[PDB]
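Since the structure comes first, as structure tokens, the remarks are kept for the end.
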2 protein chains.
Amino acid sequence: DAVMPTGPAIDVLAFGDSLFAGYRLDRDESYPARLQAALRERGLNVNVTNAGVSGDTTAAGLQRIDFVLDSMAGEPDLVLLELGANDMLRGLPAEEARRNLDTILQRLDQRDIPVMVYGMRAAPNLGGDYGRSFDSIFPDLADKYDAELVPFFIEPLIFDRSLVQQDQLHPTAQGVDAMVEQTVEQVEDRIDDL
Amino acid sequence: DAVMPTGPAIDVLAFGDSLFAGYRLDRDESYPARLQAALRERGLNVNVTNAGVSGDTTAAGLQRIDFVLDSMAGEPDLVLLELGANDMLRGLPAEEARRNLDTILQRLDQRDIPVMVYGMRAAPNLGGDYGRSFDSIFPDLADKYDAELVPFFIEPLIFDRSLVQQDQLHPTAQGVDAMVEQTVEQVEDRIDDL
Ligand SMILES: [Ca+2]
Ligand SMILES: [Ca+2]
Ligand SMILES: [Ca+2]
Ligand SMILES: [Ca+2]
Ligand SMILES: [Ca+2]
Ligand SMILES: [Ca+2]
Ligand SMILES: [Ca+2]
């Protein structure tokens with residue numbers, strides 16, 4: 001079933017945030033490494049460089065894109081661009097993300113490097129207006145720069161919670177209240193006893 | 001129902017990580033702020049200082065405990081100590097978390113500041129051996145230093161997903177495989193077409 005890779009080496013740069021970096025995974029388990037393996041199994045002589053940085057916003061990506069590109073052994077043949085999630089999770093304006101991704105795409109145009117734009121979706125609790133403004137960044141910019149759009153690539157995670165890390169729990173406001181109800185009697189006693 | 005607080009202020013220092021800092025929450029929604037409100041409703045004249053820092057390991061906490069204490073207007077009457085989760089989540093050695101928490105409790109003993117130790121439990125991703133060495137840190141150190149143990153105060157979060165932030169999804173290794181299966185055909189086509 002597997003096809004031996006042949007042909008000249010194809011350098012792919014995976015430029016993104018935690019979803020490329022492999023948050024809390026071994027580097028060889030991250031999306032860029034596993035994608036490399038799957039492409040090579042199909043006969044493509046591909047090397048994927050993992051330039052994912054957990055926590056990167058579109059601003060942080062723009063700040064380092066030229067350096068990351070310069071640091072490769074020649075220009076890459078293809079860039080995978082996956083940023084925006086951290087802007088949304090931090091409540092930064094959708095317009096700033098759009099502008100920073102636009103600039104990144106301008107820089108790749110200037111270097112004649114083709115790109116695939118990985119789309120991202122805003123959390124529902126940011127409201128419908130933010131959702132429409134953020135979610136449309138990716139198809140709009142893919143269209144403007146004649147890049148392919150990759151649909152939300154974490155969609156499998158939405159439909160199978162077993163595919164999502166469950167080790168790290170952050171409370172909502174109501175979760176905090178439950179934590180207080182569970183501890184206030186003990187803390188009250190301790191303070192009263194000082 | 002509320003009891004008006006009376007008497008001199010009682011200063012409580014909440015020294016911890018994201019479970020005290022209020023990760024992606026407003027200040028008034030964090031555990032230290034909600035704990036303060038609950039205690040004052042019961043008639044205690046308490047001021048809880050939120051010294052939570054998201055991301056803090058036991059080593060990071062040890063590094064800043066003296067600076068944090070030396071920056072208060074007088075020493076606190078009580079410290080709530082809540083660290084270890086980030087050591088665990090990063091697979092850092094349980095023995096080093098134990099040693100750092102021990103040193104913190106030693107410095108608090110030396111300043112005669114009472115302490116409540118907030119226990120933490122290792123995630124299942126860490127395996128049984130790690131869990132047994134990590135989970136015992138908190139009752140062991142609470143007994144050694146004659147401090148109270150607050151058992152596992154995020155217990156309500158484990159059992160009710162509605163109390164836990166769901167906006168940030170990180171794949172397991174299996175989740176990454178699913179993301180590759182969702183995108184490989186499109187990436188293969190784009191590389192083939194270069
Ligand atoms: Ca003492
Ligand atoms: Ca002592
Ligand atoms: Ca003494
Ligand atoms: Ca084709
Ligand atoms: Ca084609
Ligand atoms: Ca195509
Ligand atoms: Ca070709």
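Just so it is clear: chains get the letters A, B, ... in the order the sequence lines come, proteins before strands, and each one is counted from 1. Keep in mind that the numbers below use all heavy atoms, side chains included, and drop hydrogens, waters and symmetry copies. When a ligand or atom number is given, it counts from 1 through the structure's own listing order.
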Please determine, by modelled atom types, if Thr183(B) and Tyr118(A) share a side-chain donor-acceptor pair under 3.5 angstrom. no
Separation between CG of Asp189(A) and CD of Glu148(B), rounded to the nearest 0.5 Å: 6.5 Å
Who are the side chain to side chain donor-acceptor pair (under 3.5 Å) partners of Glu185(A), not counting sequence neighbours? none
With rounding to the nearest 0.5 angstrom, report the CD1 to CZ distance, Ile104(A) to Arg64(A). 9.0 Å
Between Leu13(B) and the options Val68(B), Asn47(B), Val48(B), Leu81(B), the side chain to side chain contact (heavy atoms under 4.5 Å, CB included) test singles out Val68(B)
CG on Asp11(A) to CD1 on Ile113(A), rounded to 0.5 Å: 11.0 Å
Could you enumerate the protein N, O or S atoms under 3.0 Å from the Ca ion (ligand 4), written like residue then atom name? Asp189(B) OD1
Which distance, rounded to the nearest 0.5 Å, do you find between the CE of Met179(B) and the CZ of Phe20(A)? 7.5 Å
Under the side chain to side chain donor-acceptor pair (under 3.5 Å) rule, collect the residues that match up with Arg111(A), sequence neighbours excluded. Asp66(A), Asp70(A), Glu75(A)
Please check this pair: side chain of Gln165(B) against backbone of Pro171(A), looking for a donor-acceptor N/O pair closer than 3.5 Å. yes
If you leave out waters, which protein N, O or S atoms are less than 3.0 Å from the Ca ion (ligand 1)? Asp109(B) O, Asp109(B) OD1, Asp112(B) OD1
